[PDB]
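target22.pdb, holding PDB, C-alpha atoms:
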ATOM      1  CA  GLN W 158     -15.429  18.421 -12.323  1.00  0.00           C
ATOM      2  CA  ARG W 159     -11.782  17.746 -11.498  1.00  0.00           C
ATOM      3  CA  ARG W 160     -10.510  14.182 -11.869  1.00  0.00           C
ATOM      4  CA  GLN W 161      -6.854  13.156 -12.002  1.00  0.00           C
ATOM      5  CA  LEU W 162      -5.882   9.546 -12.675  1.00  0.00           C
ATOM      6  CA  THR W 163      -2.517   8.401 -13.984  1.00  0.00           C
ATOM      7  CA  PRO W 164      -2.621   4.829 -15.434  1.00  0.00           C
ATOM      8  CA  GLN W 165       0.598   3.899 -13.623  1.00  0.00           C
ATOM      9  CA  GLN W 166      -0.476   5.258 -10.229  1.00  0.00           C
ATOM     10  CA  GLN W 167      -4.133   4.262 -10.438  1.00  0.00           C
ATOM     11  CA  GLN W 168      -3.218   0.601 -10.856  1.00  0.00           C
ATOM     12  CA  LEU W 169      -1.106   0.665  -7.708  1.00  0.00           C
ATOM     13  CA  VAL W 170      -3.235   2.781  -5.365  1.00  0.00           C
ATOM     14  CA  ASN W 171      -6.656   1.486  -6.458  1.00  0.00           C
ATOM     15  CA  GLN W 172      -5.504  -2.103  -5.986  1.00  0.00           C
ATOM     16  CA  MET W 173      -4.261  -1.361  -2.451  1.00  0.00           C
ATOM     17  CA  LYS W 174      -7.922  -1.387  -1.431  1.00  0.00           C
ATOM     18  CA  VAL W 175      -8.144  -5.142  -1.698  1.00  0.00           C
ATOM     19  CA  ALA W 176      -4.736  -6.345  -0.640  1.00  0.00           C
ATOM     20  CA  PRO W 177      -4.012  -8.820   2.182  1.00  0.00           C
ATOM     21  CA  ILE W 178      -0.854  -8.470   4.269  1.00  0.00           C
ATOM     22  CA  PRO W 179       1.558 -11.358   3.467  1.00  0.00           C
ATOM     23  CA  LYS W 180       3.061 -13.567   6.170  1.00  0.00           C
ATOM     24  CA  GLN W 181       6.425 -11.919   5.533  1.00  0.00           C
ATOM     25  CA  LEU W 182       4.920  -8.621   6.659  1.00  0.00           C
ATOM     26  CA  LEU W 183       2.623 -10.058   9.355  1.00  0.00           C
ATOM     27  CA  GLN W 184       5.745 -10.769  11.405  1.00  0.00           C
ATOM     28  CA  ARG W 185       6.215  -7.008  11.773  1.00  0.00           C
ATOM     29  CA  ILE W 186       2.828  -6.615  13.458  1.00  0.00           C
ATOM     30  CA  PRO W 187       2.065  -9.610  15.720  1.00  0.00           C
ATOM     31  CA  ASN W 188      -0.945 -10.324  17.956  1.00  0.00           C
ATOM     32  CA  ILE W 189      -3.590  -8.785  15.710  1.00  0.00           C
ATOM     33  CA  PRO W 190      -7.177  -8.905  17.124  1.00  0.00           C
ATOM     34  CA  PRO W 191      -9.017  -9.010  13.703  1.00  0.00           C
ATOM     35  CA  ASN W 192      -6.646 -11.735  12.473  1.00  0.00           C
ATOM     36  CA  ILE W 193      -7.676 -10.665   8.984  1.00  0.00           C
ATOM     37  CA  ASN W 194      -5.076  -9.926   6.321  1.00  0.00           C
ATOM     38  CA  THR W 195      -7.124  -7.707   3.985  1.00  0.00           C
ATOM     39  CA  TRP W 196      -6.301  -4.014   4.443  1.00  0.00           C
ATOM     40  CA  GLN W 197      -9.950  -2.997   4.314  1.00  0.00           C
ATOM     41  CA  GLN W 198     -10.557  -5.052   7.446  1.00  0.00           C
ATOM     42  CA  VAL W 199      -7.127  -4.266   8.951  1.00  0.00           C
ATOM     43  CA  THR W 200      -7.634  -0.476   8.811  1.00  0.00           C
ATOM     44  CA  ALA W 201     -10.344  -0.982  11.428  1.00  0.00           C
ATOM     45  CA  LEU W 202      -7.539  -1.349  13.986  1.00  0.00           C
ATOM     46  CA  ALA W 203      -6.854   2.371  13.715  1.00  0.00           C
ATOM     47  CA  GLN W 204     -10.542   3.239  13.423  1.00  0.00           C
ATOM     48  CA  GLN W 205     -11.377   1.325  16.613  1.00  0.00           C
ATOM     49  CA  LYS W 206      -8.582   3.292  18.309  1.00  0.00           C
ATOM     50  CA  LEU W 207      -6.885   0.004  19.200  1.00  0.00           C
ATOM     51  CA  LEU W 208      -3.718   0.961  17.356  1.00  0.00           C
ATOM     52  CA  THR W 209      -1.453   2.808  19.777  1.00  0.00           C
ATOM     53  CA  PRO W 210       1.205   5.388  18.716  1.00  0.00           C
ATOM     54  CA  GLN W 211       3.778   2.615  19.095  1.00  0.00           C
ATOM     55  CA  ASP W 212       1.845   0.440  16.639  1.00  0.00           C
ATOM     56  CA  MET W 213       1.420   3.331  14.242  1.00  0.00           C
ATOM     57  CA  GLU W 214       5.150   3.585  13.574  1.00  0.00           C
ATOM     58  CA  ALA W 215       5.182  -0.144  12.818  1.00  0.00           C
ATOM     59  CA  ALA W 216       2.186  -0.075  10.476  1.00  0.00           C
ATOM     60  CA  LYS W 217       3.922   2.575   8.386  1.00  0.00           C
ATOM     61  CA  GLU W 218       6.642   0.124   7.376  1.00  0.00           C
ATOM     62  CA  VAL W 219       4.144  -2.646   6.686  1.00  0.00           C
ATOM     63  CA  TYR W 220       2.114  -0.550   4.241  1.00  0.00           C
ATOM     64  CA  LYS W 221       5.254   0.746   2.513  1.00  0.00           C
ATOM     65  CA  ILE W 222       6.879  -2.684   2.161  1.00  0.00           C
ATOM     66  CA  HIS W 223       3.589  -4.128   0.917  1.00  0.00           C
ATOM     67  CA  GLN W 224       3.394  -1.506  -1.837  1.00  0.00           C
ATOM     68  CA  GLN W 225       6.899  -2.456  -2.970  1.00  0.00           C
ATOM     69  CA  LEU W 226       6.236  -6.204  -2.850  1.00  0.00           C
ATOM     70  CA  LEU W 227       3.075  -5.773  -4.939  1.00  0.00           C
ATOM     71  CA  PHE W 228       5.134  -4.239  -7.742  1.00  0.00           C
ATOM     72  CA  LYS W 229       7.537  -7.177  -7.909  1.00  0.00           C
ATOM     73  CA  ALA W 230       4.713  -9.705  -7.575  1.00  0.00           C
ATOM     74  CA  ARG W 231       3.133  -8.201 -10.691  1.00  0.00           C
ATOM     75  CA  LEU W 232       6.312  -8.493 -12.759  1.00  0.00           C
ATOM     76  CA  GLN W 233       7.453 -11.933 -11.517  1.00  0.00           C
ATOM     77  CA  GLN W 234      11.108 -12.883 -11.931  1.00  0.00           C
ATOM     78  CA  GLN W 235      10.282 -16.582 -12.067  1.00  0.00           C
ATOM     79  CA  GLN W 236       7.954 -17.751 -14.826  1.00  0.00           C
ATOM     80  CA  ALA W 237       6.788 -21.355 -14.813  1.00  0.00           C
ATOM     81  CA  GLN W 238       4.676 -20.800 -17.907  1.00  0.00           C
TER      82      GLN W 238
ATOM     83  CA  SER V 101      27.427  -9.525 -18.025  1.00  0.00           C
ATOM     84  CA  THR V 102      23.787  -8.774 -17.222  1.00  0.00           C
ATOM     85  CA  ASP V 103      23.108  -5.262 -18.497  1.00  0.00           C
ATOM     86  CA  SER V 104      20.280  -3.290 -16.905  1.00  0.00           C
ATOM     87  CA  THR V 105      19.437   0.360 -16.307  1.00  0.00           C
ATOM     88  CA  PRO V 106      18.988   1.290 -12.603  1.00  0.00           C
ATOM     89  CA  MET V 107      17.361   4.550 -13.682  1.00  0.00           C
ATOM     90  CA  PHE V 108      13.634   4.164 -14.227  1.00  0.00           C
ATOM     91  CA  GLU V 109      10.816   6.420 -15.418  1.00  0.00           C
ATOM     92  CA  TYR V 110       7.609   6.050 -13.396  1.00  0.00           C
ATOM     93  CA  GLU V 111       9.400   4.259 -10.572  1.00  0.00           C
ATOM     94  CA  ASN V 112      10.370   7.534  -8.896  1.00  0.00           C
ATOM     95  CA  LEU V 113      10.131   8.426  -5.203  1.00  0.00           C
ATOM     96  CA  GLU V 114       7.116  10.718  -4.931  1.00  0.00           C
ATOM     97  CA  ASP V 115       6.354  12.887  -1.895  1.00  0.00           C
ATOM     98  CA  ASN V 116       2.619  12.149  -2.068  1.00  0.00           C
ATOM     99  CA  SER V 117       2.741   9.772   0.912  1.00  0.00           C
ATOM    100  CA  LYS V 118      -0.071  11.750   2.612  1.00  0.00           C
ATOM    101  CA  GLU V 119      -2.730   9.604   0.905  1.00  0.00           C
ATOM    102  CA  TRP V 120      -1.234   6.526   2.569  1.00  0.00           C
ATOM    103  CA  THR V 121      -1.037   7.936   6.094  1.00  0.00           C
ATOM    104  CA  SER V 122      -4.547   9.407   6.001  1.00  0.00           C
ATOM    105  CA  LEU V 123      -5.909   5.856   5.744  1.00  0.00           C
ATOM    106  CA  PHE V 124      -5.206   5.544   9.465  1.00  0.00           C
ATOM    107  CA  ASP V 125      -7.888   8.180  10.021  1.00  0.00           C
ATOM    108  CA  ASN V 126     -10.272   7.928   7.077  1.00  0.00           C
ATOM    109  CA  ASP V 127     -11.159   4.725   5.237  1.00  0.00           C
ATOM    110  CA  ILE V 128     -13.799   5.191   2.555  1.00  0.00           C
ATOM    111  CA  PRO V 129     -14.245   8.746   1.172  1.00  0.00           C
ATOM    112  CA  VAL V 130     -17.781  10.143   1.022  1.00  0.00           C
ATOM    113  CA  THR V 131     -16.996  12.010  -2.185  1.00  0.00           C
ATOM    114  CA  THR V 132     -14.450  12.007  -5.006  1.00  0.00           C
ATOM    115  CA  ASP V 133     -13.818  15.695  -5.663  1.00  0.00           C
ATOM    116  CA  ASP V 134     -10.190  15.087  -6.557  1.00  0.00           C
TER     117      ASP V 134
END

Before anything else, please render the file you have as C-alpha coordinates.
Amino acid sequence: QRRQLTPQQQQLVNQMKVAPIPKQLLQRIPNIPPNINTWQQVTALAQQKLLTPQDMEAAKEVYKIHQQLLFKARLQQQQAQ
Amino acid sequence: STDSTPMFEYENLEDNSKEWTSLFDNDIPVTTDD
(Lines of atoms letter the chains of each structure in order from A and count residues from 1; the text may use other names and numbers.)
(Lines give C-alpha, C1' and ligand atoms only; values in the text may rest on other atoms or scores of the structure.)
Protein backbone atom coordinates (compact mmCIF):
# COMPACT_ATOMS: atom_id res chain seq x y z
CA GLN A 1 0.00 0.00 0.00
CA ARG A 2 0.94 3.68 0.15
CA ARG A 3 3.52 4.74 2.73
CA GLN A 4 5.40 8.04 2.73
CA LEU A 5 8.14 8.71 5.28
CA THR A 6 10.90 11.27 4.89
CA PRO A 7 13.87 10.64 7.28
CA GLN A 8 14.02 14.33 8.21
CA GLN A 9 10.29 14.71 8.89
CA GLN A 10 9.74 11.29 10.45
CA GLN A 11 12.28 12.01 13.17
CA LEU A 12 10.50 15.22 14.14
CA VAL A 13 6.84 14.19 13.91
CA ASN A 14 7.21 10.64 15.26
CA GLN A 15 9.11 11.94 18.29
CA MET A 16 6.37 14.50 19.05
CA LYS A 17 4.35 11.56 20.36
CA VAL A 18 6.44 11.31 23.49
CA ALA A 19 7.39 14.87 24.26
CA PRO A 20 6.72 16.71 27.54
CA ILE A 21 5.97 20.44 27.52
CA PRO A 22 8.92 22.36 29.07
CA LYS A 23 8.47 24.86 31.90
CA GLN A 24 9.25 27.65 29.44
CA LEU A 25 6.14 26.69 27.49
CA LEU A 26 4.00 25.70 30.50
CA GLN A 27 3.82 29.39 31.38
CA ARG A 28 1.73 29.92 28.24
CA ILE A 29 -0.94 27.50 29.45
CA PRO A 30 -1.41 27.76 33.25
CA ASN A 31 -3.81 25.93 35.58
CA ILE A 32 -3.75 22.58 33.80
CA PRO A 33 -6.01 19.87 35.37
CA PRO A 34 -3.90 16.81 34.25
CA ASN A 35 -0.71 18.52 35.47
CA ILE A 36 1.11 16.14 33.14
CA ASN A 37 3.69 17.43 30.67
CA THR A 38 3.67 14.58 28.13
CA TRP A 39 1.67 15.46 25.02
CA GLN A 40 0.00 12.06 24.90
CA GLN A 41 -1.59 12.81 28.27
CA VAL A 42 -2.01 16.54 27.54
CA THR A 43 -4.05 15.97 24.36
CA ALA A 44 -6.75 14.56 26.63
CA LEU A 45 -7.62 18.16 27.52
CA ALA A 46 -9.11 18.63 24.07
CA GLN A 47 -10.58 15.12 24.01
CA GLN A 48 -12.37 15.68 27.33
CA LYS A 49 -13.77 18.90 25.83
CA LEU A 50 -12.18 20.85 28.68
CA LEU A 51 -10.16 22.99 26.29
CA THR A 52 -12.25 26.01 25.35
CA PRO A 53 -11.87 27.97 22.06
CA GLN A 54 -9.85 30.52 24.03
CA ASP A 55 -7.44 27.79 25.16
CA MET A 56 -7.22 26.39 21.65
CA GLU A 57 -5.56 29.52 20.29
CA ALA A 58 -3.02 29.30 23.11
CA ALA A 59 -2.23 25.61 22.61
CA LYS A 60 -1.39 26.31 18.98
CA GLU A 61 1.60 28.42 19.99
CA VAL A 62 2.74 25.90 22.58
CA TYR A 63 2.87 23.02 20.09
CA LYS A 64 4.61 25.17 17.47
CA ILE A 65 7.23 26.57 19.87
CA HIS A 66 7.84 23.08 21.25
CA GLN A 67 8.56 21.74 17.75
CA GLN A 68 11.13 24.50 17.25
CA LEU A 69 12.77 24.00 20.65
CA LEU A 70 13.11 20.26 20.00
CA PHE A 71 15.20 20.98 16.91
CA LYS A 72 17.68 23.15 18.81
CA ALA A 73 17.78 20.74 21.75
CA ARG A 74 18.90 18.01 19.35
CA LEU A 75 21.75 20.08 17.91
CA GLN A 76 22.96 21.68 21.18
CA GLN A 77 25.01 24.87 20.98
CA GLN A 78 26.77 24.11 24.26
CA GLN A 79 28.75 20.88 24.47
CA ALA A 80 30.22 19.87 27.81
CA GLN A 81 31.64 16.68 26.35
CA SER B 1 33.57 37.26 11.61
CA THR B 2 31.31 34.25 12.16
CA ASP B 3 30.25 33.06 8.71
CA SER B 4 27.02 31.10 8.41
CA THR B 5 24.36 30.51 5.76
CA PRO B 6 20.82 31.59 6.82
CA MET B 7 19.42 29.62 3.89
CA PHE B 8 18.78 26.00 4.79
CA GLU B 9 17.58 22.91 2.93
CA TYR B 10 15.10 20.80 4.92
CA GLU B 11 14.43 23.61 7.38
CA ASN B 12 11.74 25.13 5.16
CA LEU B 13 8.30 26.39 6.19
CA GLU B 14 5.87 23.71 5.04
CA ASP B 15 2.11 24.22 4.79
CA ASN B 16 1.36 20.74 6.17
CA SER B 17 0.31 22.10 9.58
CA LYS B 18 -3.01 20.19 9.32
CA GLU B 19 -1.45 17.10 10.93
CA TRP B 20 -0.65 19.18 14.01
CA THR B 21 -4.07 20.77 14.43
CA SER B 22 -5.96 17.50 13.91
CA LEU B 23 -4.37 16.21 17.12
CA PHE B 24 -6.88 18.36 18.99
CA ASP B 25 -9.60 16.10 17.60
CA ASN B 26 -7.97 12.73 16.96
CA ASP B 27 -5.16 11.22 19.02
CA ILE B 28 -4.20 7.71 17.94
CA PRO B 29 -5.12 6.69 14.36
CA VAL B 30 -6.93 3.38 13.88
CA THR B 31 -5.13 2.77 10.60
CA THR B 32 -2.05 3.95 8.71
CA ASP B 33 -3.25 4.21 5.11
CA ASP B 34 -1.00 7.17 4.40

Q.
Using all atoms listed in the file and a distance of at most 10 Å, pull out the residues of chain V that contact chain W, as a ChimeraX atom specification.
A. /V:110-111,117,119-121,123-128,132-134

Mind working out the centre and edge lengths of an axis-aligned box for stretch 215-224 of chain W, all listed atoms inside, 4 Å added to each side, rounded to one decimal in Å and written as AutoDock Vina command-line options?
--center_x 4.5 --center_y -0.8 --center_z 5.5 --size_x 12.8 --size_y 14.7 --size_z 22.7

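Here atom CA of residue W:212 is placed at a distance of 10.7 Å from atom CA of residue W:189.
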
Q | Nearby residues (all atoms listed in the file) at most 10 Å from residue W:179, same-chain spacing under 4 positions excluded, as a list in words | A | residues 183, 184, 194, 195, 219, 223 and 226 of chain W

So that I have them on file, write out the residues from the current selection with C-alpha atoms, as a PDB file, keeping the file's coordinate frame.
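What ended up in selection25.pdb:
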ATOM      1  CA  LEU W 183       2.623 -10.058   9.355  1.00  0.00           C
ATOM      2  CA  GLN W 184       5.745 -10.769  11.405  1.00  0.00           C
ATOM      3  CA  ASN W 194      -5.076  -9.926   6.321  1.00  0.00           C
ATOM      4  CA  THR W 195      -7.124  -7.707   3.985  1.00  0.00           C
ATOM      5  CA  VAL W 219       4.144  -2.646   6.686  1.00  0.00           C
ATOM      6  CA  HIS W 223       3.589  -4.128   0.917  1.00  0.00           C
ATOM      7  CA  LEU W 226       6.236  -6.204  -2.850  1.00  0.00           C
TER       8      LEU W 226
END

Q) Expressed in Å to a single decimal, how great is the separation between atom CA of residue W:232 and atom CA of residue V:108? A) 14.7 Å

Q | Nearest residue to residue W:224 from the set W:207, W:182, W:193, W:169 (distances using all atoms listed in the file) | A | W:169

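Computed from the coordinates, the atom CA of residue V:105 to atom CA of residue W:237 distance equals 25.2 Å.
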
When you get a chance, write out N, CA, C and O atoms for stretch 111-127 of chain V, as a PDB file, in the coordinates of the input.
ATOM      1  N   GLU V 111       8.950   4.761 -11.860  1.00  0.00           N
ATOM      2  CA  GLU V 111       9.400   4.259 -10.572  1.00  0.00           C
ATOM      3  C   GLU V 111      10.274   5.295  -9.857  1.00  0.00           C
ATOM      4  O   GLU V 111      11.450   5.055  -9.572  1.00  0.00           O
ATOM      5  N   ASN V 112       9.680   6.446  -9.574  1.00  0.00           N
ATOM      6  CA  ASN V 112      10.370   7.534  -8.896  1.00  0.00           C
ATOM      7  C   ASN V 112       9.777   7.731  -7.505  1.00  0.00           C
ATOM      8  O   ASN V 112       8.597   7.447  -7.286  1.00  0.00           O
ATOM      9  N   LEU V 113      10.587   8.204  -6.568  1.00  0.00           N
ATOM     10  CA  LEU V 113      10.131   8.426  -5.203  1.00  0.00           C
ATOM     11  C   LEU V 113       9.321   9.713  -5.109  1.00  0.00           C
ATOM     12  O   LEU V 113       9.876  10.814  -5.127  1.00  0.00           O
ATOM     13  N   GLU V 114       8.006   9.570  -5.024  1.00  0.00           N
ATOM     14  CA  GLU V 114       7.116  10.718  -4.931  1.00  0.00           C
ATOM     15  C   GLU V 114       6.939  11.130  -3.474  1.00  0.00           C
ATOM     16  O   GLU V 114       7.149  10.324  -2.566  1.00  0.00           O
ATOM     17  N   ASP V 115       6.553  12.379  -3.249  1.00  0.00           N
ATOM     18  CA  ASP V 115       6.354  12.887  -1.895  1.00  0.00           C
ATOM     19  C   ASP V 115       4.875  12.903  -1.518  1.00  0.00           C
ATOM     20  O   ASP V 115       4.486  13.503  -0.518  1.00  0.00           O
ATOM     21  N   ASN V 116       4.064  12.217  -2.308  1.00  0.00           N
ATOM     22  CA  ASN V 116       2.619  12.149  -2.068  1.00  0.00           C
ATOM     23  C   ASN V 116       2.260  10.983  -1.139  1.00  0.00           C
ATOM     24  O   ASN V 116       1.345  10.207  -1.416  1.00  0.00           O
ATOM     25  N   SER V 117       2.991  10.851  -0.039  1.00  0.00           N
ATOM     26  CA  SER V 117       2.741   9.772   0.912  1.00  0.00           C
ATOM     27  C   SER V 117       1.546  10.072   1.827  1.00  0.00           C
ATOM     28  O   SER V 117       1.067   9.184   2.539  1.00  0.00           O
ATOM     29  N   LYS V 118       1.064  11.315   1.789  1.00  0.00           N
ATOM     30  CA  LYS V 118      -0.071  11.750   2.612  1.00  0.00           C
ATOM     31  C   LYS V 118      -1.276  10.821   2.459  1.00  0.00           C
ATOM     32  O   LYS V 118      -1.889  10.418   3.450  1.00  0.00           O
ATOM     33  N   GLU V 119      -1.590  10.469   1.217  1.00  0.00           N
ATOM     34  CA  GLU V 119      -2.730   9.604   0.905  1.00  0.00           C
ATOM     35  C   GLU V 119      -2.629   8.225   1.562  1.00  0.00           C
ATOM     36  O   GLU V 119      -3.632   7.534   1.719  1.00  0.00           O
ATOM     37  N   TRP V 120      -1.428   7.829   1.952  1.00  0.00           N
ATOM     38  CA  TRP V 120      -1.234   6.526   2.569  1.00  0.00           C
ATOM     39  C   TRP V 120      -1.310   6.607   4.091  1.00  0.00           C
ATOM     40  O   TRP V 120      -1.655   5.634   4.753  1.00  0.00           O
ATOM     41  N   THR V 121      -1.003   7.769   4.648  1.00  0.00           N
ATOM     42  CA  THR V 121      -1.037   7.936   6.094  1.00  0.00           C
ATOM     43  C   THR V 121      -2.412   8.405   6.568  1.00  0.00           C
ATOM     44  O   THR V 121      -2.749   8.270   7.744  1.00  0.00           O
ATOM     45  N   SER V 122      -3.215   8.934   5.651  1.00  0.00           N
ATOM     46  CA  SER V 122      -4.547   9.407   6.001  1.00  0.00           C
ATOM     47  C   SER V 122      -5.510   8.234   6.157  1.00  0.00           C
ATOM     48  O   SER V 122      -6.587   8.374   6.740  1.00  0.00           O
ATOM     49  N   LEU V 123      -5.098   7.066   5.660  1.00  0.00           N
ATOM     50  CA  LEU V 123      -5.909   5.856   5.744  1.00  0.00           C
ATOM     51  C   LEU V 123      -6.045   5.391   7.192  1.00  0.00           C
ATOM     52  O   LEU V 123      -6.920   4.592   7.523  1.00  0.00           O
ATOM     53  N   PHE V 124      -5.171   5.897   8.053  1.00  0.00           N
ATOM     54  CA  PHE V 124      -5.206   5.544   9.465  1.00  0.00           C
ATOM     55  C   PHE V 124      -6.253   6.385  10.189  1.00  0.00           C
ATOM     56  O   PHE V 124      -6.505   6.200  11.382  1.00  0.00           O
ATOM     57  N   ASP V 125      -6.860   7.314   9.459  1.00  0.00           N
ATOM     58  CA  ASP V 125      -7.888   8.180  10.021  1.00  0.00           C
ATOM     59  C   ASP V 125      -9.192   7.996   9.254  1.00  0.00           C
ATOM     60  O   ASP V 125     -10.245   7.766   9.847  1.00  0.00           O
ATOM     61  N   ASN V 126      -9.108   8.089   7.934  1.00  0.00           N
ATOM     62  CA  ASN V 126     -10.272   7.928   7.077  1.00  0.00           C
ATOM     63  C   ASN V 126     -10.111   6.684   6.217  1.00  0.00           C
ATOM     64  O   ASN V 126      -9.019   6.405   5.722  1.00  0.00           O
ATOM     65  N   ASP V 127     -11.195   5.942   6.036  1.00  0.00           N
ATOM     66  CA  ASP V 127     -11.159   4.725   5.237  1.00  0.00           C
ATOM     67  C   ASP V 127     -11.770   4.971   3.863  1.00  0.00           C
ATOM     68  O   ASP V 127     -11.057   5.166   2.876  1.00  0.00           O
TER      69      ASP V 127
END
